[PDB]
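S.K.: Just so it is clear, I am handing over upload-v1.cif, which has mmCIF, C-alpha atoms.
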```
data_structure
#
loop_
_atom_site.group_PDB
_atom_site.id
_atom_site.type_symbol
_atom_site.label_atom_id
_atom_site.label_comp_id
_atom_site.auth_asym_id
_atom_site.auth_seq_id
_atom_site.Cartn_x
_atom_site.Cartn_y
_atom_site.Cartn_z
ATOM 1 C CA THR A 2 174.660 23.482 56.478
ATOM 2 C CA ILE A 3 176.016 21.103 59.112
ATOM 3 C CA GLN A 4 176.555 17.369 59.496
ATOM 4 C CA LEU A 5 177.672 15.294 62.446
ATOM 5 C CA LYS A 6 181.163 13.859 62.055
ATOM 6 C CA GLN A 7 179.723 10.592 63.345
ATOM 7 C CA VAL A 8 177.548 9.954 60.296
ATOM 8 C CA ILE A 9 180.466 10.837 58.038
ATOM 9 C CA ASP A 10 182.788 8.287 59.574
ATOM 10 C CA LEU A 11 180.084 5.632 59.737
ATOM 11 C CA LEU A 12 179.434 5.990 56.018
ATOM 12 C CA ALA A 13 183.104 6.238 55.031
ATOM 13 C CA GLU A 14 183.455 2.880 56.738
ATOM 14 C CA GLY A 15 181.519 1.469 53.785
ATOM 15 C CA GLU A 16 184.174 2.543 51.270
ATOM 16 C CA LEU A 17 187.349 2.421 53.381
ATOM 17 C CA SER A 18 186.577 -1.105 54.554
ATOM 18 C CA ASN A 19 189.463 -2.567 52.547
ATOM 19 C CA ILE A 20 192.280 -0.856 54.385
ATOM 20 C CA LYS A 21 193.895 0.021 57.701
ATOM 21 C CA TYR A 22 192.131 3.310 58.314
ATOM 22 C CA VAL A 23 188.955 1.985 59.816
ATOM 23 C CA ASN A 24 189.188 -1.753 60.240
ATOM 24 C CA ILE A 25 190.790 -4.383 62.343
ATOM 25 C CA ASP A 26 190.887 -7.535 60.238
ATOM 26 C CA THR A 27 188.752 -9.177 62.928
ATOM 27 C CA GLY A 28 185.600 -7.424 64.069
ATOM 28 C CA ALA A 29 185.989 -4.388 61.828
ATOM 29 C CA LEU A 30 185.850 -1.323 64.080
ATOM 30 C CA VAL A 31 187.128 2.215 63.677
ATOM 31 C CA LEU A 32 190.741 2.694 64.745
ATOM 32 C CA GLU A 33 192.256 5.840 66.224
ATOM 33 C CA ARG A 34 193.606 7.430 63.050
ATOM 34 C CA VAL A 35 190.677 9.854 63.352
ATOM 35 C CA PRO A 36 193.139 12.795 63.479
ATOM 36 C CA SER A 37 194.407 11.904 60.012
ATOM 37 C CA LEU A 38 190.878 11.346 58.737
ATOM 38 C CA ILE A 39 189.785 14.771 59.969
ATOM 39 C CA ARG A 40 192.825 16.391 58.403
ATOM 40 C CA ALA A 41 191.802 14.832 55.095
ATOM 41 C CA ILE A 42 188.139 15.801 55.403
ATOM 42 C CA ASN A 43 189.010 19.443 56.002
ATOM 43 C CA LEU A 44 190.988 19.492 52.762
ATOM 44 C CA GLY A 45 188.039 17.945 50.955
ATOM 45 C CA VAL A 46 185.662 20.594 52.264
ATOM 46 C CA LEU A 47 188.037 23.336 51.177
ATOM 47 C CA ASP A 48 188.215 21.844 47.693
ATOM 48 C CA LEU A 49 184.440 21.732 47.372
ATOM 49 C CA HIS A 50 184.171 25.345 48.479
ATOM 50 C CA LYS A 51 186.690 26.103 45.751
ATOM 51 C CA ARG A 52 184.595 24.402 43.101
ATOM 52 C CA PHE A 53 181.243 25.932 44.091
ATOM 53 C CA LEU A 54 180.341 29.165 45.838
ATOM 54 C CA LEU A 55 178.104 27.839 48.619
ATOM 55 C CA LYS A 56 178.931 30.908 50.738
ATOM 56 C CA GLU A 57 179.759 34.596 50.750
ATOM 57 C CA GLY A 58 180.763 37.058 53.419
ATOM 58 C CA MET A 59 180.911 40.743 54.259
ATOM 59 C CA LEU A 60 183.151 43.240 56.008
ATOM 60 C CA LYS A 61 183.144 46.957 56.713
ATOM 61 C CA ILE A 62 186.325 49.015 56.477
ATOM 62 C CA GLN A 63 186.587 52.431 58.108
ATOM 63 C CA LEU A 64 188.787 54.522 55.849
ATOM 64 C CA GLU A 65 191.723 56.662 56.936
ATOM 65 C CA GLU A 66 192.963 59.489 54.735
ATOM 66 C CA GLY A 67 196.507 59.157 53.457
ATOM 67 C CA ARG A 68 196.566 55.366 53.786
ATOM 68 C CA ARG A 69 197.809 53.324 50.834
ATOM 69 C CA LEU A 70 197.523 49.616 51.722
ATOM 70 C CA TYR A 71 194.669 48.009 53.659
ATOM 71 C CA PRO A 72 195.408 44.349 54.426
ATOM 72 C CA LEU A 73 192.527 42.056 55.347
ATOM 73 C CA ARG A 74 193.981 39.838 58.062
ATOM 74 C CA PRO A 75 192.569 38.599 61.367
ATOM 75 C CA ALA A 76 194.718 40.979 63.402
ATOM 76 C CA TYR A 77 192.929 44.095 62.134
ATOM 77 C CA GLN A 78 189.401 42.792 62.694
ATOM 78 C CA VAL A 79 187.295 43.959 65.628
ATOM 79 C CA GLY A 80 186.833 41.300 68.273
ATOM 80 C CA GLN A 81 190.096 39.590 67.358
ATOM 81 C CA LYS A 82 193.406 39.958 69.174
ATOM 82 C CA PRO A 83 194.427 43.644 69.085
ATOM 83 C CA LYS A 84 198.095 43.582 68.109
ATOM 84 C CA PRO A 85 199.437 46.948 69.374
ATOM 85 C CA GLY A 86 201.286 47.890 66.193
ATOM 86 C CA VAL A 87 198.115 47.790 64.100
ATOM 87 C CA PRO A 88 194.935 49.866 64.304
ATOM 88 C CA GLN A 89 191.816 47.702 64.213
ATOM 89 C CA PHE A 90 189.891 49.181 61.298
ATOM 90 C CA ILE A 91 187.734 46.209 60.240
ATOM 91 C CA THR A 92 184.753 47.053 62.414
ATOM 92 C CA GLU A 93 182.048 44.616 61.327
ATOM 93 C CA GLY A 94 181.518 41.320 59.556
ATOM 94 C CA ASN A 95 182.047 37.571 59.662
ATOM 95 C CA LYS A 96 184.880 36.475 61.915
ATOM 96 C CA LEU A 97 188.038 36.264 59.831
ATOM 97 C CA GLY A 98 190.158 33.137 59.787
ATOM 98 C CA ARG A 99 193.287 31.915 58.039
ATOM 99 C CA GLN A 100 191.364 30.703 54.974
ATOM 100 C CA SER A 101 188.294 32.856 54.546
ATOM 101 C CA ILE A 102 189.070 35.148 51.617
ATOM 102 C CA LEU A 103 189.067 33.139 48.409
ATOM 103 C CA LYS A 104 188.335 36.147 46.197
ATOM 104 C CA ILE A 105 187.076 39.690 46.702
ATOM 105 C CA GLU A 106 184.105 40.340 44.446
ATOM 106 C CA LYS A 107 182.244 43.557 45.236
ATOM 107 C CA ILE A 108 183.060 46.874 46.861
ATOM 108 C CA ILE A 109 180.141 49.114 47.796
ATOM 109 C CA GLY A 110 180.471 52.526 49.390
ATOM 110 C CA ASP A 111 178.248 54.191 51.940
ATOM 111 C CA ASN A 112 176.463 56.133 49.191
ATOM 112 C CA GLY A 113 175.367 53.026 47.310
ATOM 113 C CA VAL A 114 177.917 53.512 44.543
ATOM 114 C CA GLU A 115 179.824 50.508 43.214
ATOM 115 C CA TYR A 116 183.545 50.867 42.673
ATOM 116 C CA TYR A 117 185.624 49.026 40.090
ATOM 117 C CA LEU A 118 188.014 46.187 40.910
ATOM 118 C CA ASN A 119 191.163 45.583 38.847
ATOM 119 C CA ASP A 120 189.701 47.456 35.876
ATOM 120 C CA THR A 121 192.603 49.608 34.766
ATOM 121 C CA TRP A 122 191.974 53.206 33.677
ATOM 122 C CA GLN A 123 188.444 53.130 35.077
ATOM 123 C CA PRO A 124 187.435 56.275 36.997
ATOM 124 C CA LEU A 125 187.910 55.090 40.589
ATOM 125 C CA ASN A 126 189.808 51.825 40.355
ATOM 126 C CA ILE A 127 190.812 49.681 43.324
ATOM 127 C CA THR A 128 193.793 47.368 42.913
ATOM 128 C CA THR A 129 194.702 44.234 44.852
ATOM 129 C CA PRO A 130 198.491 43.845 44.740
ATOM 130 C CA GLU A 131 198.689 40.728 46.886
ATOM 131 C CA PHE A 132 195.280 39.047 46.751
ATOM 132 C CA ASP A 133 194.391 39.995 50.340
ATOM 133 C CA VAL A 134 195.221 43.710 50.388
ATOM 134 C CA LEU A 135 193.511 46.748 48.908
ATOM 135 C CA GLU A 136 195.688 49.427 47.334
ATOM 136 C CA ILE A 137 193.886 52.770 47.332
ATOM 137 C CA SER A 138 195.324 55.586 45.251
ATOM 138 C CA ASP A 139 195.273 59.231 46.273
ATOM 139 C CA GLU A 140 192.814 60.164 43.525
ATOM 140 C CA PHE A 141 190.326 58.017 45.421
ATOM 141 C CA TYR A 142 190.698 60.302 48.423
ATOM 142 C CA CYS A 143 190.542 63.336 46.139
ATOM 143 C CA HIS A 144 187.145 62.211 44.812
ATOM 144 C CA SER A 145 185.750 59.725 47.324
ATOM 145 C CA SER A 146 182.969 61.338 49.407
ATOM 146 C CA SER A 147 182.734 58.000 51.227
ATOM 147 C CA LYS A 148 183.823 57.413 54.799
ATOM 148 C CA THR A 149 183.496 53.623 54.762
ATOM 149 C CA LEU A 150 183.485 50.589 52.504
ATOM 150 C CA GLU A 151 181.641 47.287 52.340
ATOM 151 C CA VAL A 152 183.402 44.242 50.915
ATOM 152 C CA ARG A 153 181.976 40.937 49.736
ATOM 153 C CA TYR A 154 184.016 37.856 49.009
ATOM 154 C CA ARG A 155 183.864 34.129 48.444
ATOM 155 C CA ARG A 156 184.170 32.279 51.740
ATOM 156 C CA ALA A 157 185.376 28.925 52.982
ATOM 157 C CA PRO A 158 184.496 27.749 56.491
ATOM 158 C CA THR A 159 186.920 27.735 59.383
ATOM 159 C CA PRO A 160 187.489 24.125 60.493
ATOM 160 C CA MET A 161 186.822 23.258 64.112
ATOM 161 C CA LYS A 162 189.831 22.678 66.350
ATOM 162 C CA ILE A 163 190.279 19.080 67.463
ATOM 163 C CA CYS A 164 192.023 18.424 70.775
ATOM 164 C CA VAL A 165 193.653 15.484 72.532
ATOM 165 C CA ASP A 166 191.033 15.662 75.273
ATOM 166 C CA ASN A 167 188.403 16.043 72.535
ATOM 167 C CA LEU A 168 189.412 12.570 71.314
ATOM 168 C CA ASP A 169 186.732 11.402 73.759
ATOM 169 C CA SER A 170 183.744 12.331 71.591
ATOM 170 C CA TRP A 171 184.832 13.486 68.099
ATOM 171 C CA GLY A 172 181.132 13.083 67.307
ATOM 172 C CA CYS A 173 180.103 16.580 68.289
ATOM 173 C CA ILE A 174 182.285 17.997 65.515
ATOM 174 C CA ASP A 175 180.124 19.496 62.776
ATOM 175 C CA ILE A 176 181.221 19.655 59.160
ATOM 176 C CA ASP A 177 179.892 22.693 57.309
ATOM 177 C CA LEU A 178 178.397 21.372 54.067
ATOM 178 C CA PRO A 179 175.063 20.633 52.443
ATOM 179 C CA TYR A 180 174.324 16.947 52.053
ATOM 180 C CA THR A 181 174.757 16.851 48.269
ATOM 181 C CA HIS A 182 178.364 17.876 48.449
ATOM 182 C CA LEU A 183 178.606 15.302 51.221
ATOM 183 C CA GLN A 184 177.893 12.577 48.718
ATOM 184 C CA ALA A 185 180.692 14.061 46.616
ATOM 185 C CA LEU A 186 183.063 14.451 49.578
ATOM 186 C CA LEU A 187 182.862 10.722 50.206
ATOM 187 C CA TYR A 188 184.447 9.967 46.839
ATOM 188 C CA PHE A 189 187.075 12.651 47.291
ATOM 189 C CA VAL A 190 188.234 11.246 50.620
ATOM 190 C CA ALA A 191 188.111 7.660 49.402
ATOM 191 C CA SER A 192 190.295 8.433 46.393
ATOM 192 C CA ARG A 193 192.880 10.351 48.387
ATOM 193 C CA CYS A 194 193.024 7.623 51.013
ATOM 194 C CA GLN A 195 193.139 4.613 48.678
ATOM 195 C CA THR A 196 195.687 5.949 46.204
ATOM 196 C CA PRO A 197 198.952 4.714 47.840
ATOM 197 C CA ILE A 198 198.064 1.063 48.522
ATOM 198 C CA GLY A 199 197.862 -2.138 46.539
ATOM 199 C CA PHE A 200 199.953 -4.198 44.144
ATOM 200 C CA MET A 201 197.482 -6.416 42.276
ATOM 201 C CA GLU A 202 196.110 -5.674 38.828
ATOM 202 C CA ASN A 203 192.581 -4.710 39.823
ATOM 203 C CA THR A 204 193.532 -3.334 43.238
ATOM 204 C CA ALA A 205 195.990 -0.814 41.805
ATOM 205 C CA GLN A 206 193.216 1.174 40.086
ATOM 206 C CA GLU A 207 190.831 2.021 42.923
ATOM 207 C CA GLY A 208 192.276 5.484 43.461
ATOM 208 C CA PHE A 209 191.938 6.261 39.772
ATOM 209 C CA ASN A 210 188.366 4.973 39.669
ATOM 210 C CA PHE A 211 187.363 7.050 42.663
ATOM 211 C CA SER A 212 188.905 10.126 41.060
ATOM 212 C CA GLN A 213 186.814 9.494 37.958
ATOM 213 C CA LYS A 214 183.645 9.122 40.003
ATOM 214 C CA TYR A 215 184.444 12.299 41.931
ATOM 215 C CA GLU A 216 184.710 14.256 38.694
ATOM 216 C CA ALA A 217 181.487 12.738 37.374
ATOM 217 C CA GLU A 218 179.638 13.695 40.547
ATOM 218 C CA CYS A 219 180.915 17.263 40.378
ATOM 219 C CA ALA A 220 179.651 17.481 36.804
ATOM 220 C CA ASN A 221 176.252 16.157 37.871
ATOM 221 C CA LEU A 222 175.956 18.739 40.630
ATOM 222 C CA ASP A 223 176.812 21.476 38.145
ATOM 223 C CA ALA A 224 174.121 20.173 35.803
ATOM 224 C CA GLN A 225 171.502 20.031 38.549
ATOM 225 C CA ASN A 226 172.413 23.589 39.591
ATOM 226 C CA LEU A 227 172.573 23.003 43.339
ATOM 227 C CA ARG A 228 174.755 26.052 44.017
ATOM 228 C CA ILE A 229 174.276 29.807 44.182
ATOM 229 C CA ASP A 230 174.268 31.620 40.831
ATOM 230 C CA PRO A 231 173.480 35.311 40.506
ATOM 231 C CA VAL A 232 172.315 36.472 37.088
ATOM 232 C CA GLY A 233 172.476 40.126 36.105
ATOM 233 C CA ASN A 234 169.594 42.223 34.778
ATOM 234 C CA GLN A 235 170.733 45.814 34.447
ATOM 235 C CA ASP A 236 168.289 48.632 33.920
ATOM 236 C CA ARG A 237 169.924 50.554 31.041
ATOM 237 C CA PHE A 238 166.737 52.634 30.863
ATOM 238 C CA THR A 239 167.293 55.117 33.699
ATOM 239 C CA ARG A 240 170.575 56.650 32.536
ATOM 240 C CA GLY A 241 168.459 59.076 30.525
ATOM 241 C CA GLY A 242 168.417 58.478 26.804
ATOM 242 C CA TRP A 243 167.413 54.853 26.270
ATOM 243 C CA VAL A 244 163.685 55.514 26.087
ATOM 244 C CA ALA B 2 218.972 -38.244 74.998
ATOM 245 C CA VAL B 3 215.734 -38.128 73.001
ATOM 246 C CA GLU B 4 214.383 -34.599 72.738
ATOM 247 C CA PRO B 5 211.068 -34.790 70.843
ATOM 248 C CA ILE B 6 210.864 -32.200 68.094
ATOM 249 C CA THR B 7 207.372 -30.728 68.145
ATOM 250 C CA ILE B 8 205.227 -28.108 66.482
ATOM 251 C CA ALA B 9 206.431 -25.726 69.180
ATOM 252 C CA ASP B 10 209.987 -26.459 68.078
ATOM 253 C CA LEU B 11 209.060 -25.681 64.474
ATOM 254 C CA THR B 12 207.153 -22.511 65.358
ATOM 255 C CA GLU B 13 205.189 -21.160 68.276
ATOM 256 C CA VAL B 14 202.247 -19.062 67.219
ATOM 257 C CA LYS B 15 203.615 -15.712 68.426
ATOM 258 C CA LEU B 16 205.122 -13.315 65.900
ATOM 259 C CA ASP B 17 208.292 -12.801 67.959
ATOM 260 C CA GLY B 18 208.754 -16.472 68.808
ATOM 261 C CA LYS B 19 211.892 -18.568 68.500
ATOM 262 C CA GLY B 20 210.634 -21.071 65.951
ATOM 263 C CA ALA B 21 212.704 -21.633 62.849
ATOM 264 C CA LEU B 22 209.949 -20.322 60.590
ATOM 265 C CA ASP B 23 209.554 -17.283 62.820
ATOM 266 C CA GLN B 24 213.222 -16.362 62.769
ATOM 267 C CA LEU B 25 213.586 -16.895 59.029
ATOM 268 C CA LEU B 26 210.629 -14.591 58.474
ATOM 269 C CA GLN B 27 212.179 -12.073 60.863
ATOM 270 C CA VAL B 28 215.483 -11.976 58.996
ATOM 271 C CA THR B 29 213.647 -11.589 55.694
ATOM 272 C CA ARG B 30 211.707 -8.710 57.226
ATOM 273 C CA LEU B 31 214.922 -7.046 58.381
ATOM 274 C CA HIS B 32 216.520 -7.236 54.954
ATOM 275 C CA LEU B 33 213.411 -5.844 53.291
ATOM 276 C CA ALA B 34 213.160 -3.120 55.926
ATOM 277 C CA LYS B 35 216.687 -1.916 55.278
ATOM 278 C CA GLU B 36 215.994 -2.006 51.545
ATOM 279 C CA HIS B 37 212.908 0.166 52.001
ATOM 280 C CA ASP B 38 214.746 2.532 54.327
ATOM 281 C CA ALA B 39 217.171 3.131 51.534
ATOM 282 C CA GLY B 40 215.390 4.660 48.592
ATOM 283 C CA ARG B 41 214.820 1.384 46.772
ATOM 284 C CA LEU B 42 211.453 -0.193 47.700
ATOM 285 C CA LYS B 43 207.911 1.058 47.850
ATOM 286 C CA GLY B 44 205.595 -0.228 50.519
ATOM 287 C CA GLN B 45 203.880 -2.673 48.156
ATOM 288 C CA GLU B 46 206.747 -4.743 46.790
ATOM 289 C CA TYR B 47 207.506 -5.297 50.470
ATOM 290 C CA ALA B 48 204.217 -7.153 50.828
ATOM 291 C CA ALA B 49 204.418 -8.865 47.444
ATOM 292 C CA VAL B 50 207.815 -10.438 48.096
ATOM 293 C CA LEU B 51 206.858 -11.673 51.557
ATOM 294 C CA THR B 52 203.585 -13.221 50.428
ATOM 295 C CA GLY B 53 205.331 -14.906 47.522
ATOM 296 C CA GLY B 54 208.043 -16.259 49.791
#
```
Translate this structure into structure tokens?
M.R.:
Amino acid sequence: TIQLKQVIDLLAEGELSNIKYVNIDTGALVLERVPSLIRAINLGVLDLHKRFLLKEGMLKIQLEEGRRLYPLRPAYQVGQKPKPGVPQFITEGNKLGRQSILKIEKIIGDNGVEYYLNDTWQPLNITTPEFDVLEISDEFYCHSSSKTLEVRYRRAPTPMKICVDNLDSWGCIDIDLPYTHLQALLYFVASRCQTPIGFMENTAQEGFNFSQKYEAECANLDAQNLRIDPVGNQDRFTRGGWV
Amino acid sequence: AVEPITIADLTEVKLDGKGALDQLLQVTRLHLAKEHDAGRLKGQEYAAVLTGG
């Protein structure tokens, strides 16, 4: 799910050719606003991961009786930096970053049971008070019989860190996307970049046009169904009674 | 006492030259720059006015 930054910039030359970002007026060649370009591209990738799943992750929490709030932050995760004031209870899973948890979706115990999420008055309900923390009531401990939990969630990739010495290559950087959403990302970046420039009648509408094309492309990808989509088929016949 | 006025006298090609055209453009740029620094001009009227002038 990777692409070389080099190809990205080479192609975006073909749509940013009007403006400062990439071209000297004479002998059009990429400038050194690459930091700003990368900062825009990362935002674009995050937006696409918002619009389509494209990823999912997993964790594994080791429970502790009498605990009320379990935050999911990169200080509690094994292999991260062990801040002394916190016990590292996240013992397994994808490496956590600043933007990794877009939404928690499933919680599965060690017994194979499936707990309920934000479904009030359900038997063993788990509540998220702050979108990145699990609130576990005492009734859960009363009737849990589970020593660990497994969490699944919608992911977004962690962007690679650029550096002033890394300004040498900038071509070994790898964006984490399939190529389809690359074609879409081009329009996103072009719109954002071209919006605040131009004072002539037809040159004041390029940002708007690129926004329109970006939306159209997103609709086309949805129609073609180039993203993950689970579909549920329960049994309903093993409960005992429907047969 | 005959100093020949030349194209160099009118304007040398450099942006920061001492030609009359160059210095008039510079003073126009300064006025527009102060106007933009105050909250009164966007970055596009700045170009429009100059190109018109």
S.K.: Pull out every residue that the PyMOL selection byres ((chain A) within 7 of (chain B)) matches in the shown coordinates and put them as a compact mmCIF listing (two decimals) with C-alpha atoms, in the coordinates of the input.
M.R.:
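Below is the file out.txt, written as the result:
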```txt
# COMPACT_ATOMS: atom_id res chain seq x y z
CA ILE A 198 198.06 1.06 48.52
CA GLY A 199 197.86 -2.14 46.54
CA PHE A 200 199.95 -4.20 44.14
```
S.K.: So how far away is CA of residue 116 (chain A) from CA of residue 239 (chain A), in Å?
M.R.: 19.0 Å
S.K.: When you draw a straight line from CA of residue 192 (chain A) to CA of residue 208 (chain A), how long is it in Å?
M.R.: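 Atom-to-atom, CA of residue 192 (chain A) and CA of residue 208 (chain A) are spaced 4.6 Å apart.
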S.K.: Tell me, as a list in words, which residues lie within 12 Å of residue 112 (chain A), counting all atoms listed in the file; anything in the same chain fewer than 4 positions away does not count.
M.R.: residues 108, 116, 145, 146, 147, 148, 149, 150 and 151 of chain A
S.K.: Quick check on the file I pasted: which residues fall under the PyMOL selection byres ((chain A and resi 219-226) around 10)? Write them as a PyMOL selection string.
M.R.: chain A and resi 49+52-53+181-182+185-186+214-218+227-230
S.K.: List the spatial neighbours of residue 57 (chain A) as number ranges by chain - criterion: any atom at most 7 Å away, only C-alpha atoms, same-chain residues fewer than 4 positions off excluded.
M.R.: A: 153-156
S.K.: Extract, using only C-alpha atoms, all DNA, RNA and protein residues at most 9 Å from residue 23 (chain B), discarding same-chain residues fewer than 6 positions from it, and format them as an MDAnalysis selection string.
M.R.: chainID B and resid 11:17
S.K.: Check which residues satisfy the PyMOL selection byres ((chain A and resi 75) around 9) in the file shown, then give them as a VMD selection string.
M.R.: chain A and resid 73 to 74 76 to 79 81 to 82 96 to 99
